[PDB]
Amino acid sequence: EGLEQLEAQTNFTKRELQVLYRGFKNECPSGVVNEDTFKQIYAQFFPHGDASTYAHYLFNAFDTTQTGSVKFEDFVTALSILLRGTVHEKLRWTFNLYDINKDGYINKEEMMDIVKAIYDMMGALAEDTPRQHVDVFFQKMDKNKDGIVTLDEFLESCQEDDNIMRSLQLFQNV
Amino acid sequence: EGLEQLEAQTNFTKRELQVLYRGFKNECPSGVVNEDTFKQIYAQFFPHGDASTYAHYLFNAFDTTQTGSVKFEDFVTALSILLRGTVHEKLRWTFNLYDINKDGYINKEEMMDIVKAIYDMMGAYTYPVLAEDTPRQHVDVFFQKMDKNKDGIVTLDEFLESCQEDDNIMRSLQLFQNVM
Amino acid sequence: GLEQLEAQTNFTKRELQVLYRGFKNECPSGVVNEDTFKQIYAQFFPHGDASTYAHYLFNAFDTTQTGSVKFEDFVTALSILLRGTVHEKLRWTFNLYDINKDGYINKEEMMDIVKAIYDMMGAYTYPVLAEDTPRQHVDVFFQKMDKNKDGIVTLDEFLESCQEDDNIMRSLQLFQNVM
Amino acid sequence: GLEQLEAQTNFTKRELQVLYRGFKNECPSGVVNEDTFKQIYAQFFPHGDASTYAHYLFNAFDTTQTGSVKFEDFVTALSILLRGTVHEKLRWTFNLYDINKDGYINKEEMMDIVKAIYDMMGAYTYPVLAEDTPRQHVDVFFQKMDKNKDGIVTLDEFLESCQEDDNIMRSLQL
Amino acid sequence: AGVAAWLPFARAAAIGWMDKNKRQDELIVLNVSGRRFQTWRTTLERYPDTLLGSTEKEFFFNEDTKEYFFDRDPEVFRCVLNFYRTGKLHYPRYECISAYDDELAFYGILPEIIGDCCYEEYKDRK
Amino acid sequence: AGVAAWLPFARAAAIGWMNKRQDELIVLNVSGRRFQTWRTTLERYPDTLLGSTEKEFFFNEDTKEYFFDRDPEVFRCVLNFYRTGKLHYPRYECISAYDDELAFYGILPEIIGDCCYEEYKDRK
Amino acid sequence: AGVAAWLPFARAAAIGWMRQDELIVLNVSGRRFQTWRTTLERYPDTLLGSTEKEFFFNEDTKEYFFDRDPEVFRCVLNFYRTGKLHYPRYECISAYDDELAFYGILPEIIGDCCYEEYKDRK
Amino acid sequence: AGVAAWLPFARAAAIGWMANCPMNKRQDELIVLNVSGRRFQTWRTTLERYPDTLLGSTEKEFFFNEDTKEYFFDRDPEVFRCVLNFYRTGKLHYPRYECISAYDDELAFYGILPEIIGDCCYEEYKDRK
Ligand SMILES: [Ca+2]
Ligand SMILES: [Ca+2]
Ligand SMILES: [Ca+2]
Ligand SMILES: [Ca+2]
Ligand SMILES: [Ca+2]
Ligand SMILES: [Ca+2]
Ligand SMILES: [Ca+2]
Ligand SMILES: [Ca+2]
Ligand code: NA
Ligand code: NA
Ligand code: NA
Ligand code: NA
Ligand SMILES: [Zn+2]
Ligand SMILES: [Zn+2]
Ligand SMILES: [Zn+2]
Ligand SMILES: [Zn+2]
């Protein structure tokens with residue numbers, strides 16, 4: 001980690017990066033986040049829910065360096081993308097999270113995992129079906145109906161969505 | 001225990017209220033004063049006297065909230081009244097202390113309690129103070145010069161009007177105290 | 001009290017403070033009895049014994065006669081010894097020498113003093129086993145202090161005797177500064 | 001005392017302080033005996049042994065002959081070596097080489113020095129490439145330092161010999 | 001406190017289905033009998049409803065000196081502050097029990113929120 | 001100290017028969033460590049060095065503060081004794097080290113509370 | 001650090017063959033620690049010794065600030081000073097491991113004097 | 001330090017006779033010892049009490065900062081308490097908590113000998129060294 005690099009190579013100011021670092025340095029003094037810390041860092045997120053399974057998907061959404069563990073620099077790029085990046089970038093990031101096995105394709109199989117994994121994190125207040133939720137996704141994301149959603153399909157599909165676009169732009173201070 | 005409310009809703013400045021709070025927070029860290037703390041908070045008041053019985057009368061002169069115990073906010077309103085309030089307010093406050101069973105009436109019965117309770121707090125025997133004036137011949141002077149029509153029962157209006165007539169019980173009351 | 005001491009002695013507040021801090025360290029006690037008095041000189045000299053002198057120094061004070069010496073005694077004493085008039089400084093020494101407080105110094109008690117100081121300093125330490133005996137030292141004193149030769153030296157005899165002495169006089173004035 | 005040292009050496013007070021803080025840390029002692037001297041070079045080089053050189057360095061001082069070397073000795077030494085005239089710097093080296101203090105350097109004791117440094121520095125006293133023999137190193141020294149060829153090198157022989165050497169002079173100034 | 005900054009990684013995974021902005025951070029200065037302690041405001045906020053964590057401390061703020069001042073022992077205060085820092089309240093295996101319970105009672109910290117490391121020693125000499 | 005503020009509840013019950021002195025923090029410089037306390041806190045035990053008039057001999061006109069060339073550590077306890085009623089024995093410091101100090105500030109050996117006069121025994 | 005100033009005595013014995021310093025200010029919860037920059041540089045790749053500390057520097061206050069316990073920090077600083085890391089035979093084990101983990105110092109670089117006591121109460 | 005102010009009571013008893021050793025002066029300042037941060041303060045005289053030890057001596061001149069106008073030591077501020085306190089009361093005490101090694105190291109630096117330790121502490125200095 002070096003501070004004035006991060007300032008240059010992300011959308012955060014030195015001021016911001018510090019707050020972020022002090023945030024990080026407290027959630028694990030370790031400096032290195034493995035999946036177990038990752039899991040228990042969400043133990044708080046929600047009262048009596050279980051984000052165990054989601055932690056796993058979040059974890060190997062990183063390891064982009066593939067160095068076994070996630071260093072702070074990964075964590076801030078991730079955030080720089082999610083809070084400040086272009087719609088494209090923020091969207092591509094979500095896509096990579098959904099594409100569990102890293103092959104650029106999202107299938108019913110793995111979308112179910114995600115939704116279940118979040119439902120678990122949340123209230124495992126609820127009436128929306130688990131399966132009946134991937135279905136709404138695919139029937140309104142998979143353009144040609146081949147049951148497989150690609151990055152371009154997911155990109156163009158969300159740009160059309162007059163609120164999933166407001167979800168994305170509105171909000172960012174650290 | 002909000003400070004800027006107290007500032008608004010009492011006669012004390014923020015400065016003063018702080019001094020008062022630091023005063024309170026030291027006599028009980030507790031933050032909640034029950035009767036026992038109340039008693040031993042006067043253990044100092046006088047050297048070898050006993051303020052045990054008076055503590056009791058002082059206690060249920062508060063509990064105006066009736067929450068079992070007296071919080072600081074009660075303590076500062078009380079003081080706000082006693083050191084800054086109107087004569088009427090200061091006087092009504094004393095009346096409620098004297099009216100032990102809360103019925104708006106003071107009778108020989110309960111006045112005796114009070115005077116005995118204070119005498120105890122000091123030395124109507126405590127070796128040297130060797131006092132002689134009874135607790136009886138003291139209630140009597142009170143009633144004979146407070147109970148206007150002589151029905152042996154003194155009411156708030158009887159007590160209010162009776163003290164206003166008293167030039168000295170009046171300039172005592174007003175003399176500007178200083179919480180600082 | 002500090003601002004009394006400032007008025008009733010020749011020291012400034014500044015000085016008195018230094019003196020107090022000096023005192024308060026040699027006994028925190030605040031009250032100096034003879035034992036503290038003795039061991040306060042234990043340092044004064046390396047391997048000498050100021051035990052016997054401590055005694056003479058002690059009841060040179062007790063001027064208040066309150067069993068022990070308080071600081072205010074100690075600072076008057078010093079105000080006299082460092083700042084007072086020659087007469088005052090001299091009368092002070094005389095009272096130290098007059099052990100039994102009767103205004104008379106006799107061979108008997110002058111011997112005590114000299115021996116008591118010799119002891120404090122250390123006649124045999126590493127000089128030589130007495131330079132002169134305390135005897136041949138009291139004698140020079142009397143034969144040059146006791147004016148009419150009646151063997152008894154009075155305050156006026158001692159006062160007038162020292163004023164005549166050019167050097168005992170310069171030694172007595174040279175401006176000491178506490179500080 | 002600091003303001004003497006300022007006057008009687010080529011260092012400023014500023015400099016002398018850093019030097020003193022240097023010294024006072026390498027031994028808090030304040031007095032450097034040979035053992036501290038040795039272990040103060042233990043670091044100098046990783047896995048080499050400066051034991052034997054320490055000894056020669058030590059009685060290159062003891063100029064006061066007070067059993068041990070005090071700081072003031074140390075800074076004069078340095079004042080000479082870093083700031084002194086060429087002559088002074090050279091005479092200083094000469095006294096280091098002249099082990100038994102007699103103003104004469106002979107094959108015998110030059111060998112000692114070169115071995116003692118080789119030991120410190122870790123180099124072999126017997127390399128693949130033969131020209132490296134420190135026998136064959138004293139020899140180059142004498143054959144190009146001992147002017148007449150009487151096998152004995154004196155101070156004047158050593159002084160004049162080095163002034164002639166265009167690099168063992170630039171080596172000796174900047 | 002700074003867990004809020006991890007919540008967008010969650011919010012990101014929703015996309016496809018499924019004082020608003022008026023508080024900065026300051027270091028606040030806690031004057032304790034002299035020793036000027038310093039901590040991040042948030043650090044205190046971590047346990048509200050305890051003297052410093054709460055509104056109560058407003059009664060100890062000095063308008064002029066522009067700092068909170070406590071005429072308490074500066075030493076024990078270390079632990080109290082350190083409790084806000086790491087989750088753990090430690091028992092200093094040197095201080096007197098009584099000396100430090102007294103202090104815990106003042107600052108609004110309960111006797112045995114003490115971690116497992118120290119509630120051992122808090123037992124064996126109380 | 002702030003018990004004065006409870007008396008009017010007493011004075012109130014008499015009715016019918018029967019400025020002030022603004023407070024400062026004072027600054028106690030101890031070998032460097034600048035201690036601070038409420039004047040009243042010291043006044044609590046007058047006739048002990050700080051509680052008394054004696055301290056006037058340690059006031060610096062310039063620095064405008066009391067200065068003591070004593071150990072700053074032990075002074076914690078001494079000050080803390082003025083604060084809570086209790087004088088505590090720091091179960092680490094040397095006995096002698098801290099009696100010396102108590103003798104200086106005018107505090108008597110065993111005004112020590114029950115918690116510590118136990119340990120003050122077993123290593124003196 | 002200041003060993004560089006002994007080397008010319010070596011370079012001297014070759015002859016014939018062969019930018020400055022600041023005190024930095026470490027604000028710790030209030031206690032303003034001071035040390036020579038070099039002192040910290042002594043063990044780079046540990047929080048202070050390294051580049052990491054740049055994340056704790058305050059532009060305004062012009063000092064490094066750590067909202068950690070000021071006491072344990074004594075030992076950590078003192079480890080940069082003398083080679084030795086000591087275990088304060090009073091502090092709680094857990095209290096001070098936590099801290100060692102933060103500053104990047106390994107549990108048992110503890111000298112022989114204290115790794116004795118570090119054993120008998122951990 | 002303040003024993004000088006008792007000697008005139010001795011000098012008094014000489015007048016009239018009198019080898020000997022009962023013979024302006026100099027100033028007094030508080031000096032400021034910055035130790036890793038902790039700014040210690042003491043009377044100059046207090047230090048002068050044991051000359052030929054780092055602070056008592058001339059050596060400390062090497063640690064004086066022209067600018068900061070103070071002596072600065074990058075040593076441990078804690079142990080320095082004892083060292084200073086030794087100049088104050090005669091006694092050097094062993095803090096029954098600090099590590100032996102930790103505090104010998106420091107005594108060696110300031111020029112104070114291992115066992116000028118008083119009887120109170122040379123007991124405990126024994127049983128854990
Ligand atoms: Ca896929
Ligand atoms: Ca498709
Ligand atoms: Ca009634
Ligand atoms: Ca009636
Ligand atoms: Ca006589
Ligand atoms: Ca005669
Ligand atoms: Ca030779
Ligand atoms: Ca030759
Ligand atoms: Na940027
Ligand atoms: Na108001
Ligand atoms: Na005067
Ligand atoms: Na020069
Ligand atoms: Zn613990
Ligand atoms: Zn205790
Ligand atoms: Zn150790
Ligand atoms: Zn001791």
# chains A, B, ... in the order shown; residues from 1 in each chain; ligands from 1

$ residues_near_ligand --ligand "ligand 9" --cutoff "7 Å" --atoms "only C-alpha atoms and all ligand atoms" --output "CSV table (one decimal) with C-alpha atoms, in the first residue's frame"
chain,number,residue,atom,x,y,z
A,7,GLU,CA,-4.9,9.1,-4.7
A,8,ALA,CA,-3.8,9.2,-8.4
A,9,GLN,CA,-5.1,5.7,-9.4
A,10,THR,CA,-8.6,6.0,-7.8
A,11,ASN,CA,-11.3,8.6,-7.5
A,12,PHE,CA,-10.7,9.4,-3.9
A,13,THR,CA,-8.9,12.3,-2.3

$ residues_near_ligand --ligand "ligand 10" --cutoff "10 Å" --atoms "only C-alpha atoms and all ligand atoms" --output "number ranges by chain"
B: 4-17, 80

$ select_by_dssp --residues "range 26-67 of chain G" --states "alpha helix (DSSP H)" --output "list in words"
residues 37, 38, 39, 40 and 41 of chain G

$ write_last_selection --atoms "C-alpha atoms" --output "CSV table (one decimal), in the first residue's frame"
chain,number,residue,atom,x,y,z
G,37,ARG,CA,13.2,9.9,11.9
G,38,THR,CA,16.1,7.5,11.6
G,39,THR,CA,15.0,5.8,14.8
G,40,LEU,CA,11.8,4.7,13.0
G,41,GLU,CA,13.6,3.8,9.8

$ residues_around --residues "range 83-97 of chain H" --least-positions-apart "3" --cutoff "8 Å" --atoms "only C-alpha atoms" --output "PyMOL selection string"
(chain F and resi 69-71+92-94+97) or (chain G and resi 88-90) or (chain H and resi 46-47+49-50+79-80+107+110+116-118+120-122+124-125)

$ residues_near_ligand --ligand "ligand 14" --cutoff "7 Å" --atoms "only C-alpha atoms and all ligand atoms" --output "number ranges by chain"
E: 96-99; F: 87-89, 113, 115-116

$ write_last_selection --atoms "N, CA and C atoms" --output "PDB file, in the first residue's frame"
ATOM      1  N   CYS E  96      -5.655  -0.486  42.282  1.00  0.00           N
ATOM      2  CA  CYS E  96      -6.525  -1.044  43.319  1.00  0.00           C
ATOM      3  C   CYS E  96      -7.945  -1.235  42.779  1.00  0.00           C
ATOM      4  N   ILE E  97      -8.548  -2.376  43.104  1.00  0.00           N
ATOM      5  CA  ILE E  97      -9.917  -2.671  42.686  1.00  0.00           C
ATOM      6  C   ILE E  97     -10.804  -1.446  42.925  1.00  0.00           C
ATOM      7  N   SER E  98     -11.003  -1.129  44.203  1.00  0.00           N
ATOM      8  CA  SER E  98     -11.845  -0.020  44.620  1.00  0.00           C
ATOM      9  C   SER E  98     -11.540   1.243  43.799  1.00  0.00           C
ATOM     10  N   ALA E  99     -10.260   1.566  43.660  1.00  0.00           N
ATOM     11  CA  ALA E  99      -9.850   2.788  42.955  1.00  0.00           C
ATOM     12  C   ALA E  99     -10.478   2.891  41.579  1.00  0.00           C
TER      13      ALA E  99
ATOM     14  N   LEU F  87      -7.133   7.592  49.890  1.00  0.00           N
ATOM     15  CA  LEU F  87      -5.727   7.541  49.505  1.00  0.00           C
ATOM     16  C   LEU F  87      -5.337   6.117  49.231  1.00  0.00           C
ATOM     17  N   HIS F  88      -4.904   5.868  48.002  1.00  0.00           N
ATOM     18  CA  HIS F  88      -4.597   4.514  47.563  1.00  0.00           C
ATOM     19  C   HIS F  88      -3.097   4.264  47.514  1.00  0.00           C
ATOM     20  N   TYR F  89      -2.702   3.035  47.870  1.00  0.00           N
ATOM     21  CA  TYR F  89      -1.319   2.611  47.716  1.00  0.00           C
ATOM     22  C   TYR F  89      -1.145   1.910  46.377  1.00  0.00           C
ATOM     23  N   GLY F 113      -7.216   3.922  52.867  1.00  0.00           N
ATOM     24  CA  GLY F 113      -8.451   3.152  52.965  1.00  0.00           C
ATOM     25  C   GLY F 113      -8.210   1.684  53.227  1.00  0.00           C
ATOM     26  N   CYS F 115      -8.886  -0.869  51.454  1.00  0.00           N
ATOM     27  CA  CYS F 115      -8.487  -1.611  50.265  1.00  0.00           C
ATOM     28  C   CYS F 115      -6.976  -1.766  50.163  1.00  0.00           C
ATOM     29  N   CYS F 116      -6.252  -0.758  50.633  1.00  0.00           N
ATOM     30  CA  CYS F 116      -4.814  -0.647  50.376  1.00  0.00           C
ATOM     31  C   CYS F 116      -3.939  -0.755  51.633  1.00  0.00           C
TER      32      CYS F 116
END
